[PDB]
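Following: one structure in structure tokens, then a few remarks.
In this analysis, Cβ positions are derived from the backbone assuming ideal geometry, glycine residues included, and neighbour counts consider all displayed protein chains. The numbers here are math on the coordinates, done by the rules we state, and not lab data.
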Amino acid sequence: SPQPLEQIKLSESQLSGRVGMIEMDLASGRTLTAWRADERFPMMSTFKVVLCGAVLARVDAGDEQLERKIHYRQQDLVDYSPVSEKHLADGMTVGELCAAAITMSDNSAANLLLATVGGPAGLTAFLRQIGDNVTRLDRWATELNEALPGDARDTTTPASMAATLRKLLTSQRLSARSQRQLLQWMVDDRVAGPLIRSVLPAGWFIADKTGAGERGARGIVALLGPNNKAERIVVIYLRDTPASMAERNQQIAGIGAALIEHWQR
Ligand SMILES: OC[C@H]1O[C@H](O[C@H]2[C@H](O)[C@@H](O)[C@H](OCCCCCCC3CCCCC3)O[C@@H]2CO)[C@H](O)[C@@H](O)[C@@H]1O
Ligand SMILES: *C(=O)/C=C/NCC(O)CC=O
């Protein structure tokens, strides 16, 4: 594979879409590779990691409990609720809802959690509280993936999302237990984790949350590194490409291949 930046450019050319990417040292925040890092991209389901960061902050403050059982109804369900549709009778705990939202991309679980933090506006206020003045959530689970051209709703930038993920996982804004929990939910992703491991060389750590939307929108927020360590945050978003899901997945994997082959920088 060519150098990371060269591969990212080739991906735009081949997809006829915009790619946004940041490679950041998790421990220090040093930005290593950046491309359209300050441009806007729909977050799609990747917003679920920030959502659970807001939930964890409420737990730390004594305003929420991961054990709290939420009983919900069938009319509360939205498109794609693999886990939540199975618990209409017994409900799910707040912690279970976060595991479902992050590890299975369960949309109803995400919406139930979103309401507890004050809806899209409340999650946006949490982002401003931790110093992210760019990322914004405006709609609910299904509707936020529309990715209309030029629509700033439900967007982030690679740079803001990477900085926000680092703040949630390592800045001590969240308690030690909460930082560990958020990381473990990413490590446990069932949608893409196993698939990524199947193509990663031996020795590489992966934790992640992916997302997809209209007009080719696709994205992943991840922790990656050799020697089985979460060395760097890697955020890649794609938008406005007519390419098949398979080719968008392949182009993202290709950027990963470039990073892996040329990791020392
Ligand atoms: O010399 C480096 C490596 O070259 C190949 O590894 C390939 C691997 O066989 C292929 O499957 C992968 O595709 C890339 C898979 C990327 C997976 C996901 C990346 C995500 C993770 C973080 C966020 C963005 C993308 O590339 C590597 C590097 O060329 C060899 O198979 C491997 O033994 C060797 O150690
Ligand atoms: C999180 O990103 C959920 C996205 N749902 C929309 C789709 O999966 C459709 C992608 O083509």
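One table, with the values for the structure above:
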quantity: Qualifying residue in region 190-209 (condition: within 18 Å of the chain's Cα centre (by Cα), charged (D, E, K, R) and within 19 Å of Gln250 (Cβ to Cβ)); calculated: yes
quantity: Test result for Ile206, free of Cβ contacts under 8 Å to residues at least 24 places away in the same chain, in contact with a helix residue (DSSP H, G or I) (Cβ under 7 Å, 6 or more places away or on another chain) and either within 15 Å of ligand 1 (Cβ to nearest atom) or within 29 Å of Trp140 (Cβ to Cβ) (or both); calculated: yes
quantity: Verdict on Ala100 being in contact with a helix residue (DSSP H, G or I) (Cβ under 8 Å, 6 or more places away or on another chain) and in contact (Cβ under 8 Å) with a residue 40 or more places away in the chain; calculated: no
quantity: Options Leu182, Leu174, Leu200, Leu148: the member that is away from ligand 1 (no atom under 16 Å from the Cβ), of a type outside the set (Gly, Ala, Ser) and within 23 Å of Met245 (Cβ to Cβ); calculated: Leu148
quantity: Residue satisfying condition, being closer than 30 Å to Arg58 by Cα and surrounded by 14 or more Cβ atoms within 10 Å (Cβ to Cβ), within set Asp240, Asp189; calculated: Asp189
quantity: Which numbered condition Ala159 misses (of (1) buried (at least 23 other Cβ atoms within 10 Å of the Cβ); (2) among the aliphatic types (A, V, I, L, M); (3) under 30 Å from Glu64 (Cα atoms); (4) more than 16 Å from ligand 2 (Cβ to nearest atom)); calculated: (1)
quantity: Near pairs, Cβ below 7 angstrom, 6+ apart or cross-chain, from region 110-122 (within 18 Å of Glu85 (Cα to Cα)) to any residue that is buried (at least 23 other Cβ atoms within 10 Å of the Cβ) and of a type in the set (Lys, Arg); calculated: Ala110/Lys48
quantity: Looking only at region 136-154, and only at residues there that are near ligand 2 (Cβ under 10 Å from one of its atoms) and assigned to a loop (DSSP other than H, G, I, E, B), the one that is surrounded by the fewest Cβ atoms within 10 Å (Cβ to Cβ); calculated: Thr142
quantity: Test result for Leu238, hydrophobic (A, V, I, L, M, F, W, C), in a strand (DSSP E or B) and either at positive phi or within 17 Å of the chain's Cα centre (by Cα) (or both); calculated: yes
quantity: Among the candidates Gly91, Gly118, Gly95, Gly62, residue that is over 19 Å from the mean Cα position of the chain (by Cα), surrounded by fewer than 24 Cβ atoms within 10 Å (Cβ to Cβ), small (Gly, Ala, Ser) and closer than 23 Å to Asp188 by Cα; calculated: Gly91
quantity: Failed criterion for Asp106 (all others in (1) in contact with a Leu (Cβ under 9 Å, 6 or more places away or on another chain); (2) surrounded by fewer than 17 Cβ atoms within 10 Å (Cβ to Cβ); (3) acidic (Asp, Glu) hold); calculated: (2)
quantity: Single residue of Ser178, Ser171 found to be farther than 14 Å from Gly20 by Cα, surrounded by 16 or more Cβ atoms within 10 Å (Cβ to Cβ) and more than 14 Å from ligand 2 (Cβ to nearest atom); calculated: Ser178
quantity: Close pairs (7 angstrom Cβ cut-off, 6 or more residues apart or separate chains): under 11 Å from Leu224 (Cβ atoms) in region 250-265, surrounded by fewer than 17 Cβ atoms within 10 Å (Cβ to Cβ) anywhere; calculated: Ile260/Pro201; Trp263/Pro226
quantity: Any hit, region 42-62, residues being in contact with an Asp or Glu (Cβ under 6 Å, 6 or more places away or on another chain), over 16 Å from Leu168 (Cβ atoms) and assigned to a loop (DSSP other than H, G, I, E, B); calculated: no
quantity: Any hit, region 91-107, residues being part of a helix (DSSP H, G or I), more than 16 Å from ligand 2 (Cβ to nearest atom), in contact with a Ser or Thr (Cβ under 6 Å, 6 or more places away or on another chain) and under 20 Å from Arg58 (Cβ atoms); calculated: no
quantity: Looking only at region 1-39, and only at residues there that are under 19 Å from the mean Cα position of the chain (by Cα), closer than 22 Å to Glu247 by Cα and not aliphatic (A, V, I, L, M), the one that is nearest to ligand 1 (Cβ to nearest atom); calculated: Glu23
